[PDB]
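Okay, so here's the structure we're looking at.
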RNA sequence: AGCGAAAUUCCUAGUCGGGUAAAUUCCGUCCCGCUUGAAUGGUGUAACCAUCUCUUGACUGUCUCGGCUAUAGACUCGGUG
RNA sequence: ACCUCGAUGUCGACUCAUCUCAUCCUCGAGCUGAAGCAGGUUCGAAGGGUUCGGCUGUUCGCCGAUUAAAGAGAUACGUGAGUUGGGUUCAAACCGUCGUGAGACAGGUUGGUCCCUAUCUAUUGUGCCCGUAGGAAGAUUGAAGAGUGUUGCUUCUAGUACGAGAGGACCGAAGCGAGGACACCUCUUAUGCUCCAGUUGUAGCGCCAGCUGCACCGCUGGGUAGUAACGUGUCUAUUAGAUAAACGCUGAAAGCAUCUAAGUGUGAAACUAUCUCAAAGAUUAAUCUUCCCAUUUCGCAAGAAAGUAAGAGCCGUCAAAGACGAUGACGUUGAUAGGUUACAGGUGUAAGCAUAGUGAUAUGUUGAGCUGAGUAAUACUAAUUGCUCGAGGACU
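Residue numbers (full-length UniProt numbering), protein chains in the order written: chain X, 74 to 146; chain Z, 1 to 37; chain E, 1 to 229; chain B, 1 to 122; chain C, 2 to 120; chain A, 2 to 57; chain R, 3 to 117.
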């Protein structure tokens with residue numbers, strides 16, 4: 074059911090991607106847009122969304138920042 | 001292949017199936033194979 | 001991968017006779033022996049590419065940081081450095097030649113920089129067409145026409161992105177696909193490229209192994225004359 | 001270069017004086033009458049002593065181009081006039097004996113009868 | 002628009018270039034526009050390297066390229082160049098004249114230059 | 002065309018923030034002291050000490 | 003940085019013919035075409051007056067004006083074309099590299115040559 | 001009497017031939033005449049319209065197919081603005 | 001009779017084309033009352049392409065002429081701050097009719113009817129500043145992606161399959177390649193108005209030869225580097241993943257068959273791509289490397305003062321850039337550019353010196369004369385003695 078549909082100001086290349094095709098190229102923008110879908114258009118909207126660092130692995134580049142190891146946050 | 005809104009037995013052996021949420025009639029003879037039932 | 005790259009400076013366009021006693025449009029490009037400044041992997045600097053350094057010149061106008069880049073990669077001072085994208089070969093400190101990278105007449109793809117023309121409109125950039133202007137042409141005489149997409153909010157109420165409007169023509173890299181290689185000359189380190197390739201009298205040319213016809217080769221080599229004075 | 005309704009010359013025993021391009025047949029939207037392609041033409045001036053008169057639409061094979069094109073052979077493909085042979089609806093022209101040079105690029109589509117009906121091949 | 006001031010037409014440009022090279026041959030140095038100064042230097046170098054023969058042939062050829070001025074006319078500039086200007090600087094391969102950059106103009110701030118004759 | 006709404010006074014000031022000229026060069030003249038421009042003549046009459054101009 | 007602009011001819015010198023002249027166009031030259039026919043392999047000459055003298059190496063072209071079977075042909079022949087043999091026949095009295103007074107002559111006549 | 005789809009006529013894109021490769025626009029003629037028709041003139045007008053309907057030739061960039069060269073310029077700099 | 005008449009610019013065309021795909025084609029198969037060579041339907045398919053003219057004025061409507069294809073519609077029955085008024089119909093007039101008339105015909109025709117200096121935004125390129133996460137320094141995984149994403153013809157195959165038999169090939173391979181995008185000036189050309197060679201003179205350089213200011217480059221011819229087509233060269237195709245229409249195999253429900261329901265698959269230019277890519281202002285301001293220093297000392301750290309010892313920039317001969325800035329080669333140390341030699345390339349045997357032709361003109365002087373753009377050497381000249389930005393690794 075749930076494909077992913079996008080159309081920027083560009084036209085002629087309306088992006089329709091299946092679930093299995095998403096796993097082939099990009100996965101961070103998935104959750105990025107999913108979280109930003111709950112953010113009103115304001116000054117820090119795209120500044121709030123960067124706090125959602127989306128990764129496909131268990132590690133991250135901010136381990137030197139003393140991360141709190143937990144689950145389901 | 002075809003398009004309809006109801007599928008019924010057409011030939012002598014025209015079995016009714018539910019293929020990809022689409023109710024169809026398919027016969028052992030290739031003639032009587034409709035869609036969209 | 002299959003991508004093998006060579007660089008050079010185009011000294012202009014010329015002609016020469018190829019096999020089957022036929023002439024082909026020739027762009028003449030001088031090639032300096034290259035040396036690889038790096039092989040960046042998809043996990044080294046996150047990108048798969050090959051950085052080659054060429055055009056060995058005097059160090060008076062070069063970068064001391066580039067000089068140390070050459071030294072720690074075992075190289076000499078070079079004027080130009082360029083990364084070919086989508087490659088993992090060309091081991092560090094290798095003097096590469098087009099003879100081992102291509103065949104004498106194999107199909108390749110050639111990228112080149114267009115002659116600088118400044119800000120030239122989309123009419124000469126995208127090659128629009130103009131109908132007959134008989135019995136009146138209005139106050140202007142040259143225009144690319146309508147970009148109308150909705151008036152008020154009904155369909156778009158904007159101009160569709162990517163609209164071909166007046167801009168820059170020339171000095172834009174263009175890639176022609178599946179063109180055959182005319183001739184090599186390792187004595188003078190020179191290459192002849194078929195077709196009408198971009199480049200002013202002094203432009204640059206990159207040649208890469210074809211990605212649609214890599215092994216396909218047909219002879220357009222130098223053709224001996226049956227009558228020589 | 002010959003284009004749409006660009007009148008070109010006839011050099012065979014046909015009974016017509018001038019022929020104007022109406023379209024180009026072969027691939028899609030050639031729009032240019034180059035050597036090696038058969039074109040359709042119309043006659044606006046023709047003597048009544050031949051098998052074709054004014055008002056009809058005929059076919060021709062262009063064999064000579066005055067400006068021409070840069071031929072791949074090595075010499076610029078160039079003639080002294082945009083000349084054609086007004087054919088009898090096939091690869092052969094209406095004249096029983098063909099006079100004048102014949103295009104060497106016609107082999108991409110045939111038109112060998114124009115060359116074979118003449119003693120020379122230029 | 003339609004008929005107005007002609008401006009810098011090709012015929013006017015070449016006539017002005019001839020006038021400027023004649024002026025730099027007569028007066029020696031010229032304060033003019035930099036783009037005009039460089040063309041004047043080029044033409045002066047060509048004239049100097051052409052006049053080393055001092056024959057009627059060069060007289061006739063340069064007759065189409067000099068325009069008379071206040072001090073020197075065409076055939077007097079002929080003798081002047083053929084006698085003193087050309088042989089004085091022929092001792093070196095080129096560099097028959099030098100152009101140097103000056104400041105802008107009062108009313109229009111046009112970048113000017115000065116052209117002098119030297120070896 | 003013509004404007005529908007007026008560009009602001011502050012918008013005008015921000016737009017005119019890049020109409021100013023670019024920076025210039027500086028050159029020391031050895032003989033006649035002056036901080037002239039690069040490959041130009043000074044008020045002392047000399048390009049880099051080549052006496053090629055008058056006093057004014 | 004470094005420029006040469008001499009390789010333009012160098013690419014053409016690998017198979018350059020030794021004829022390669024630079025003369026005043028307007029002469030009369032005959033060029034032969036070797037038709038390797040199945041029977042009676044033929045040497046079909048193509049003679050005519052020169053019109054334009056251009057070329058920057060192997061691209062040294064010249065126009066030959068012939069007339070066959072009542073139809074004329076002006077071919078921009080290349081000097082270094084394979085299967086083509088080129089010779090110079092007549093050097094007429096010509097003051098240009100583009101003349102047309104030789105094209106407005108009639109038959110049963112002749113032209114004067116340079117003294 | 002004469003006239004005709006004629007600047008003209010729903011029917012009408014009248015029709016026939018010609019013009020036009022191509023013809024509802026055009027000519028001659030037969031004329032489906034809301035509607036011809038006689039100084040609101042019927043009607044040819046040789047000559048011609050600073051009007052027009054259409055065809056075409058010598059001839060040309062009007063065009064098939066546009067291109068370069070020089071510019072007043074515009075881009076830049078300065079003075080007014 | 002409403003958001004809209006203290007207005008909301010419309011018919012049609014050219015151009016720009018895009019999009020949904022209820023598809024024309026390509027791509028793909030099914031069903032086929034499909035005999036085969038080809039295919040009728042169907043859907044998948046927006047991804048691309050998807051005729052020129054004469055005529056009503058015009059694409060369209062008649063006709064002639066085209067390919068596999070010359071799409072079902074919207075974008076104010078798209079377009080008009082991009083263009084046009086083409087005809088009704090302007091201001092005038094006619095023609096047949098009506099009204100005794102101003103005038104009119106849901107009648108026809110000629111004269112003849114459209115403004116935009118773009119503020120933002122949409123948009124195409126180039127910019128200044130700063131951040132650019134130590135200065136500089138090279139290059140990009142990538143964020144929102146777009147363009148070529150269309151594809152035929154010819155030959156053999158093969159007279160063998162299919163039909164049965166005449167009939168009769170796709171299939172497999174090859175080259176040519178047409179729109180579209182791409183660029184070149186190499187051949188050709190148009191130009192080249194700072195090249196040369198002829199040209200009629202006014203009028204001249206006192207005069208004449210030679211030419212001169214001028215006469216559409218005065219005329220036109222060729223033409224330097226060239227610019228562009230009037231030309232050349234490319235490609236699409238194909239393909240991987242998963243699917244669609246489609247076909248399914250075991251196989252249940254239904255002890256049996258049977259594409260989906262659990263398993264096992266293919267499949268299209270349709271989505272990502274595959275041919276082409278590159279972008280950290282991606283403030284998501286990033287990663288790597290390199291030269292430099294990090295010399296004890298002082299913003300809600302600019303590592304403070306020696307803010308380089310490293311690099312770049314300013315500017316010029318210039319363009320390789322380029323709307324202009326920027327950007328870049330070279331910078332008295334130099335071939336980076338201008339001028340000289342040879343001249344590249346091109347014009348095309350200059351001129352008189354004497355003779356021939358009575359004379360126009362030519363000849364030993366001659367492939368010399370010349371080259372404005374341009375080429376290898378050539379400091380001869382220019383690019384300066386020069387100045388500016390410019391580090392202690394910010395924050396973790």
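No residue lacks a Cβ here, since even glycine has one placed at the ideal position from N, Cα and C.
Exercise for review: Note down, in chain order, every chain A residue with its Cβ under 8 Å from the Cβ of residue 102/C.
Suggested key: 40, 41, 42, 48
Check your understanding: Do the stretch 104 to 117 of chain C and the stretch 8 to 18 of chain A make contact, defined as three or more Cβ pairs closer than 8 Å?
Key -> no
Review point. Using a beta-carbon distance below 8 Å, is residue 93/E in contact with chain R?
Key: no
Practice item. Just tell me which of 200/E, 22/E, 11/E has its CA closest to the CA of residue 173/E. Key: 200/E
Review point. Can at least three beta-carbon pairs, one atom from the stretch 35 to 48 of chain A and one from the stretch 73 to 81 of chain C, be found at a separation below 8 Å?
Key: no
Exercise for review: List in chain order: all unbroken beta strand (DSSP E) runs of 3+ residues lying wholly within the stretch 30 to 78 of chain E.
Suggested key: 35 to 40, 49 to 54
Check your understanding: Using CA coordinates, which residue listed in 115/B, 97/B, 96/B is at the minimum distance from residue 104/B?
Key -> 115/B
Practice item. List the endpoints of the continuous alpha helix (DSSP H) containing residue 123/E. Key: 122 to 126
Check your understanding: Looking at the unbroken alpha helix (DSSP H) that takes in residue 114/B, where does it start and where does it end?
Key -> 112 to 116
Review point. Alpha carbon to alpha carbon, what distance is there between residue 215/E and residue 85/R?
Key: 31 Å
Practice item. Count the other C-beta atoms from every protein chain shown that fall within 10 angstroms of the C-beta of residue 94/X, then say buried if there are 16 or more, exposed otherwise. Key: exposed
Exercise for review: Check residue 145/X in the structure and name its three-state DSSP category.
Suggested key: coil
Check your understanding: Can you tell me the Cα-Cα spacing of residue 189/E and residue 32/E, whole angstroms?
Key -> 7 Å
Check your understanding: What residues are listed by DSSP as bridge partners for residue 50/R?
Key -> 31/R
Exercise for review: Take every Cβ of the stretch 15 to 33 of chain B, pair it with every Cβ of the stretch 82 to 94 of chain B, and state whether three or more of those distances are shorter than 8 Å.
Suggested key: yes
Point to revise | Nearest-angstrom Cα separation, counted from residue 30/E out to residue 2/E | key: 23 Å
Practice item. Kindly indicate if chain E contains any beta-carbon less than 8 Å away from that of residue 82/X. Key: yes
Check your understanding: At a Cβ cut of 9 Å, what residues of the stretch 63 to 81 of chain B count as close to chain E, listed as they run along the chain?
Key -> 70, 71, 72, 73, 74, 75
Check your understanding: For a contact meaning CB atoms closer than 9 Å, what does residue 100/B contact in chain R?
Key -> 70, 71, 72, 73, 74, 75
Check your understanding: Skipping 5 residues on each side, what residues in its chain have a beta carbon closer than 7 Å to that of residue 97/R?
Key -> none
Point to revise | For residue 60/B: DSSP bridge partner residues | key: 39/B, 86/B
Exercise for review: Select from the stretch 75 to 99 of chain R all residues with a C-beta closer than 8 Å to any C-beta belonging to chain B, and list them in chain order.
Suggested key: 75, 76, 77, 78, 79, 80, 82, 83, 84, 86
Review point. Given a threshold of 16 other Cβ atoms within 10 Å of its Cβ, counted over all protein chains shown, does residue 142/X qualify as buried or as exposed?
Key: exposed
Practice item. Give a yes or no on whether 8 Å exceeds the smallest Cβ distance from residue 54/A to chain C. Key: yes
Check your understanding: If the cut is a Cβ gap below 7 Å, which residues of chain E does residue 14/R touch?
Key -> 14, 16
Review point. Excluding five sequence neighbours on each side, which residues of the same chain lie with their C-beta closer than 8 Å to the C-beta of residue 3/B?
Key: 21, 31, 32, 33
Check your understanding: Around the C-beta of residue 37/B, are 16 or more other C-beta atoms found within 10 angstroms, so that it is buried, or is it exposed?
Key -> buried
Check your understanding: residue 105/B CB to nearest chain R CB: under 8 Å?
Key -> no
Review point. Are residue 223/E and residue 17/R close, meaning C-beta to C-beta below 8 Å?
Key: yes
Check your understanding: For residue 40/C, which residues of its own chain have a beta-carbon under 7 Å away from its beta-carbon, when the five flanking residues on both sides are left out?
Key -> 18
Point to revise | Euclidean distance between Cα positions of residue 17/E and residue 75/B | key: 10 Å
Practice item. Give every residue of the same chain whose Cβ lies closer than 8 Å to the Cβ of residue 111/C, excluding the five residues on either side of it in the sequence, and list them in chain order. Key: 34, 105
Review point. Apart from the five residues on each side of it in sequence, which residues of its chain come closer than 8 Å, Cβ to Cβ, to residue 128/E?
Key: 122, 144, 145, 164
**Study point:** 6 Å CB neighbourhood of residue 32/Z in its chain, flanking five on each side removed
**Key:** 10, 11, 14
**Study point:** Residue closest to residue 103/X, alpha-carbon to alpha-carbon, out of 74/X, 128/X, 145/X
**Key:** 128/X
Practice item. Report yes or no: do the stretch 166 to 181 of chain E and the stretch 102 to 117 of chain E share at least 3 C-beta pairs separated by less than 8 Å? Key: yes
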